[PDB]
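J.: Can you keep this structure in mind? I'll have questions shortly.
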Amino acid sequence: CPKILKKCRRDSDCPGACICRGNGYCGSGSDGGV
């Protein structure tokens with residue numbers, strides 16, 4: 001489960017360290033595990 005997350009309305013809203021999910025928050029690439 002991702003520890004760092006913030007409001008986002010697109011990809012640009014978050015650095016390439018993660019990706020903006022559908023819930024409007026940053027989601028870590030390895031979310032499907034932690």
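Scheme for the structure tokens: letters A, B, ... for chains in order shown; per-chain residue numbers from 1; ligand numbers from 1 in order shown.
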Excluding residue 3 (chain A) and any residue of its chain fewer than 3 positions from it, enumerate the residues within 12 Å of it, using only C-alpha atoms, and give them as a list in words.
T.: residues 6, 18, 25, 26, 27, 28, 29, 30, 31 and 34 of chain A
J.: Contacts of residue 20 (chain A) at 10 Å or less, counting only C-alpha atoms, minus same-chain residues fewer than 2 places along, as an mmCIF file with C-alpha atoms, in the first residue's frame?
T.:
data_model
loop_
_atom_site.group_PDB
_atom_site.id
_atom_site.type_symbol
_atom_site.label_atom_id
_atom_site.label_comp_id
_atom_site.auth_asym_id
_atom_site.auth_seq_id
_atom_site.Cartn_x
_atom_site.Cartn_y
_atom_site.Cartn_z
ATOM 1 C CA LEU A 5 -0.177 10.325 -2.007
ATOM 2 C CA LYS A 6 -1.719 13.703 -2.776
ATOM 3 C CA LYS A 7 -4.512 15.294 -4.801
ATOM 4 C CA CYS A 8 -4.033 15.064 -8.554
ATOM 5 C CA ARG A 9 -6.235 15.742 -11.577
ATOM 6 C CA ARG A 10 -3.802 14.264 -14.103
ATOM 7 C CA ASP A 11 -0.368 12.697 -14.545
ATOM 8 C CA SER A 12 1.467 16.045 -14.496
ATOM 9 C CA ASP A 13 0.185 16.590 -10.939
ATOM 10 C CA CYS A 14 2.592 13.935 -9.705
ATOM 11 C CA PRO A 15 6.290 13.150 -10.381
ATOM 12 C CA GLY A 16 7.398 10.054 -12.301
ATOM 13 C CA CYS A 18 4.250 7.366 -9.032
ATOM 14 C CA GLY A 22 -8.533 7.323 -10.747
ATOM 15 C CA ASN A 23 -9.283 8.319 -7.152
ATOM 16 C CA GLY A 24 -7.514 11.624 -7.794
ATOM 17 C CA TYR A 25 -4.427 10.761 -5.759
ATOM 18 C CA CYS A 26 -0.862 9.691 -6.440
ATOM 19 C CA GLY A 27 -0.375 5.951 -6.589
ATOM 20 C CA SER A 28 2.945 4.158 -6.297
#
